[PDB]
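Protein chains in written order, with PDB author numbering: chain P, 714 to 842; chain A, 71 to 324; chain G, 77 to 128; chain Z, 8 to 165; chain U, 520 to 648; chain V, 4 to 200; chain L, 1 to 191.
Where a beta carbon is used, it is the ideal one built from N, C-alpha and C, also for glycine.
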RNA sequence: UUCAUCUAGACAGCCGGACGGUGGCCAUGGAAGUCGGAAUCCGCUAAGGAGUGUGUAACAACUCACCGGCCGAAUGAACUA
Ligand SMILES: [Zn+2]
């Protein structure tokens with residue numbers, strides 16, 4: 714418990730791999746949409762004979778609620794998603810600082826877990842000697 | 071829900087002899103499932119799509135070929151399903167836009183050319199000829215709400231009973247560059263300016279003309295025009311349904 | 077729908093306008109100064125946002 | 008017979024992906040792998056450096072041909088190790104390629120140039136090289152134009 | 520429909536309204552009893568993103584024993600190997616360490632002194648003596 | 004400012020005293036690349052330089068003492084005219100300038116010169132552009148995965164300007180109702196001017 | 001500033017005769033006679049040769065002298081307004097519902113009818129001022145013809161149908177429907 | 001008040017060109033004038049920025065500086081109270 718809290722603790726969140734069968738005009742929203750929900754473009758492709766793309770992307774599960782509808786709302790219903798979890802990404806922001814970017818979900822995790830308000834720092838769990 | 075419904079239709083020799091199908095008998099039995107078209111019910115239809123070989127893709131003329139229309143139509147073509155295309159809500163197009171003779175003809179062309187692009191873009195290379203053609207009789211026009219529609223092949227026969235006209239090639243004559251050329255009685259293939267007063271098409275001249283004239287009687291509630299044309303129109307009425315006004319007289323007559 | 081030429085014709089009157097920071101009126105020809113006295117004929121203009 | 012014509016920015020000597028060809032060449036009924044194979048063959052010795060790839064289709068034959076590019080060809084000559092995307096961002100380029108090397112390419116360029124004199128073509132082609140910012144013969148590329156204007160780099164217009 | 524890793528029945532559906540009407544059956548048509556709805560919580564993972572700048576110390580309740588440890592960010596490839604069976608807990612020492620030392624660069628000696636895998640004996644958390 | 008125009012005055016003087024004969028090039032509707040290809044071809048043969056009509060008109064006034072011949076051609080110097088000095092056979096120079104043409108595309112706004120036709124031709128075009136074809140209201144049909152026109156139609160009349168949509172359709176089929184190139188109105192030769200024709 | 005003398009010229013073509021009182025301007029031509037009252041302007045008219053009229057203001061300021069050219073535009077528009085006329089072509093703009101236009105009479109006022117605009121059931125009746133003509137002209141779909149001698153009269157009414165048909169509490173950038181001025185020219189073609 | 005442009009045609013106005021090298025170096029999945037870091041080069045030049053905006057995901061298709069056709073005498077910009 715002590716040793717974890719001295720080595721720059723971080724939290725890692727699961728990442729979907731999402732691939733989209735979308736036509737040409739509506740793909741532009743995805744690049745706009747993803748950077749508003751931290752989505753990451755992996756690769757673009759088009760099926761031979763049809764004009765629709767097939768574009769693969771990484772979206773953290775965090776920003777993945779209601780995502781298709783706004784994708785449906787942004788694309789006029791023309792884009793169609795296929796959704797699957799791929800891997801985990803590490804949060805760049807500190808999850809120890811209560812006012813940090815990762816420090817709100819963990820505080821919410823404290824809210825849903827019943828734990829204290831303060832997060833255990835490395836000062837506790839460690840007998841200084 | 072997607073439940074099959076039973077539908078039974080007898081028919082006479084002239085229309086069963088004119089059937090290019092591997093089959094035998096005089097009876098046809100139609101089993102139809104009404105899947106809901108909501109795109110978020112895309113799984114109730116994908117099971118529903120598989121169970122059949124023909125699919126009735128209903129398309130609205132006002133909104134045109136919409137986004138979800140394309141999607142399920144591509145889904146049907148994924149299974150190699152032969153489609154029949156029916157456009158509803160002509161009454162909407164004939165009462166909201168009031169497109170008189172050519173715009174209605176042109177708008178139909180817009181959609182059918184649009185859908186023909188889709189079937190030519192998504193025809194699998196085992197059938198090839200899944201293309202839809204109003205000339206081939208796979209496209210109808212009518213009002214689902216009011217419960218009336220027509221087919222060119224059904225309409226193609228109605229004329230030789232009074233003109234003695236050929237049937238084989240007039241079914242594909244109703245579309246494209248071919249013009250009835252009234253005042254001359256010749257199915258010309260170009261306007262040619264008619265030496266002045268450029269001449270009309272057979273489609274506009276023959277089929278839509280009675281339709282729009284009846285509306286003028288009906289949609290303005292013109293009591294003086296109903297009885298004369300209906301007798302020319304070889305239809306019958308009932309003892310009491312004659313006494314119905316516009317937007318409801320139209321329903322029963324067609 | 078509207079044919080593109082007619083759409084441009086109408087938008088020249090409906091969208092191709094400017095706005096004063098202070099008085100919000102839709103009255104440029106191409107103006108550099110507002111015509112209203114409530115804004116004091118101020119020169120602070122923006123082009124009216126074009127849809128999408 | 009349709010002579011279909013296209014360009015690329017595929018990097019030399021590194022197999023060009025069909026993923027930038029399948030959108031374009033895929034529609035025109037072509038096996039991507041074999042037509043792509045032609046691209047790699049046309050780009051063999053150009054290893055490391057992007058260059059545009061002329062491609063002439065004479066009835067479904069991918070005759071790709073690297074357009075010899077002033078920027079690209081000079082950078083090949085610098086001897087700097089072929090840049091891999093991963094390796095480093097915006098690697099600068101400083102090969103000491105001689106001015107005499109340039110005039111050979113200028114003779115490769117006058118057909119695609121407009122200068123009255125062959126020296127004027129050198130002004131142009133170095134002007135493209137001037138964009139790149141690489142060093143040439145331990146001197147400012149711009150002064151070569153001025154030096155040429157000063158009658159110093161006399162070009163054998165033949 | 521299925522259960523999350525934290526013991527909450529996580530129903531899945533096509534779109535936002537589809538959940539409404541399908542659930543609308545539950546209280547009224549399908550099940551017939553009123554229940555509540557909440558967004559499913561995303562299960563995070565905790566890790567380090569540094570190399571344990573300061574050495575961890577802890578004292579036993581009797582203070583006779585002391586433990587000195589280090590924390591290090593095991594890389595994703597080892598994590599990928601662990602979860603995909605490349606590094607098998609059931610395998611024995613002098614064989615399990617060979618592949619990951621050979622194909623992941625680890626040191627011969629340290630990889631031999633693996634005490635256990637955690638949690639559950641096959642997780643991605645590791646102890647090195 | 005003044006120096007360059009005097010420099011231009013000097014530049015005209017030099018050509019005025021280096022080429023006995025010249026062409027009066029009509030520069031109506033000349034694009035920029037078309038100029039580049041022309042000056043590529045005339046290399047060695049001719050020189051091309053045009054400029055301000057007033058500067059050209061003013062410069063000769065200071066040159067008229069040495070060059071009083073150019074008086075006769077001035078009332079032919081009207082509008083878009085330039086100067087092409089050369090000492091090469093009459094027939095050859097005229098044809099090559101007026102032979103090399105460019106099938107100039109139709110940009111939206113340009114007046115339709117004459118009635119444009121669309122013919123029942125096989126487009127050989129990928130179907131995706133059918134929407135573009137539909138936009139102009141062209142009856143179309145898909146055979147061999149390309150659009151094919153059903154009927155010949157006079158799209159627009161002679162006169163009325165080509166709209167944006169029409170310009171889009173013409174550009175797609177490489178149809179271009181515009182032929183653009185360098186013209187020549189007059190010819191000055193050893194102090195004897197006559198129309199080019 | 002106060003220019004001592006500033007004037008503009010007003011060409012009189014062959015078919016125009018101008019009767020000018022103190023401020024009562026009367027232009028007489030082939031198609032009729034136009035009259036306007038300018039008692040608000042304080043200008044000075046002078047006939048030079050029956051074919052040029054010089055209008056000058058003495059000791060006029062920037063505010064004062066600017067309106068003089070306004071008068072010349074006013075008189076010139078009268079001159080061309082009685083000779084070439086002023087014609088306004090009006091185009092119907094509609095996305096789904098075509099705007100239904102009629103000509104109707106109420107107490108003998110030549111009311112122009114707008115029905116079914118945006119599907120609305122109300123009747124727009126706009127009186128036609130004297131001298132302005134309404135024509136529905138073929139060969140351009142859904143366009144009416146607004147013609148009359150005086151530019152002020154035609155454009156005020158040509159505009160007024162535009163304002164009654166503006167969309168409320170809606171994004172006008174998407175609802176382009178309306179009846180919009182298409183051309184402002186002269187009744188005589190190329191003249 | 002200052003600084004300018006100006007019959008060797010000032011400004012406004014209607015029209016044309018607004019190239020090629022050139023998808024300038026590189027990046028981002030892709031970037032081609034325009035998410036950006038970078039150089040502000042050369043030829044033809046009547047003149048054109050490795051680009052002022054519309055613009056696509058990129059393309060592309062438009063467009064402006066820049067300069068030229070038509071008219072003719074003044075005009076521009078920044079500051080003062
Ligand atoms: Zn204001």
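Less than 8 Å between CB atoms is the rule here; does residue i satisfy it with respect to chain U?
{"i": "residue 741(P)", "result": "no"}
Candidates the options: which alpha carbon is nearest residue i's?
{"i": "residue 238(A)", "options": "218(A), 187(A), 207(A)", "result": "207(A)"}
{"i": "residue 78(L)", "options": "3(L), 178(L), 29(L), 130(L)", "result": "29(L)"}
{"i": "residue 208(L)", "options": "54(L), 23(L), 133(L), 88(L)", "result": "As shown, chain L starts at 1 and ends at 191. That puts residue 208(L) outside it, with no answer to give."}
{"i": "residue 161(V)", "options": "119(V), 61(V), 168(V)", "result": "119(V)"}
{"i": "residue 141(V)", "options": "133(V), 148(V), 67(V)", "result": "133(V)"}
{"i": "residue 46(V)", "options": "121(Z), 96(Z), 55(Z)", "result": "121(Z)"}
{"i": "residue 103(A)", "options": "111(A), 121(A), 131(A)", "result": "121(A)"}
{"i": "residue 165(V)", "options": "103(V), 108(V), 92(V), 83(V)", "result": "108(V)"}
{"i": "residue 811(P)", "options": "803(P), 802(P), 800(P), 823(P)", "result": "823(P)"}
{"i": "residue 128(L)", "options": "62(L), 147(L), 39(L)", "result": "147(L)"}
{"i": "residue 110(A)", "options": "792(P), 839(P), 818(P), 805(P)", "result": "792(P)"}
{"i": "residue 153(Z)", "options": "135(Z), 127(Z), 145(Z), 164(Z)", "result": "127(Z)"}
{"i": "residue 609(U)", "options": "555(U), 583(U), 641(U)", "result": "641(U)"}
Can you find the residues in the same chain that come closer than 7 Å, C-beta to C-beta, to residue i, ignoring five residues on each side of it along the sequence?
{"i": "residue 190(A)", "result": "201"}
{"i": "residue 261(A)", "result": "249, 268, 269"}
{"i": "residue 67(L)", "result": "41"}
{"i": "residue 622(U)", "result": "none"}
{"i": "residue 115(Z)", "result": "75"}
Does any residue of chain V have a CB that is nearer than 8 Å to the CB of residue i?
{"i": "residue 315(A)", "result": "no"}
Grouping DSSP H, G and I as helix and E and B as strand, with all else coil, what is residue i?
{"i": "residue 799(P)", "result": "strand"}
{"i": "residue 88(V)", "result": "strand"}
{"i": "residue 146(Z)", "result": "strand"}
{"i": "residue 297(A)", "result": "helix"}
{"i": "residue 152(A)", "result": "strand"}
{"i": "residue 520(U)", "result": "coil"}
{"i": "residue 208(A)", "result": "coil"}
Below 6 Å CB to CB, which residues in the same chain sit around residue i once its five sequence neighbours on both sides are set aside?
{"i": "residue 600(U)", "result": "606"}
{"i": "residue 150(L)", "result": "34, 81"}
{"i": "residue 29(Z)", "result": "39"}
Who are the Cβ neighbours of residue i in its own chain at under 8 Å, not counting the five residues just before and after it?
{"i": "residue 16(L)", "result": "27, 28, 29, 79, 82, 83"}
{"i": "residue 100(Z)", "result": "82, 85, 87, 139, 140, 141"}
{"i": "residue 159(L)", "result": "181"}
Answer yes or no: do residue i and residue j have a C-beta to C-beta separation smaller than 8 Å?
{"i": "residue 85(V)", "j": "residue 41(V)", "result": "no"}
{"i": "residue 186(L)", "j": "residue 86(L)", "result": "yes"}
{"i": "residue 566(U)", "j": "residue 592(U)", "result": "yes"}
{"i": "residue 93(L)", "j": "residue 101(L)", "result": "no"}
Within the 8 Å Cβ cut-off, does residue i reach chain P?
{"i": "residue 563(U)", "result": "yes"}
Less than 8 Å between CB atoms is the rule here; does residue i satisfy it with respect to chain A?
{"i": "residue 763(P)", "result": "yes"}
{"i": "residue 533(U)", "result": "yes"}
{"i": "residue 547(U)", "result": "no"}
{"i": "residue 249(L)", "result": "Beyond the ends of chain L as shown, which are 1 and 191, falls residue 249(L); an answer cannot be given."}
Using a C-beta cutoff of 8 Å, does residue i count as contacting chain L?
{"i": "residue 166(A)", "result": "yes"}
Tell me, please, whether the CB atom of residue i is closer than 8 Å to any CB atom in chain Z?
{"i": "residue 732(P)", "result": "no"}
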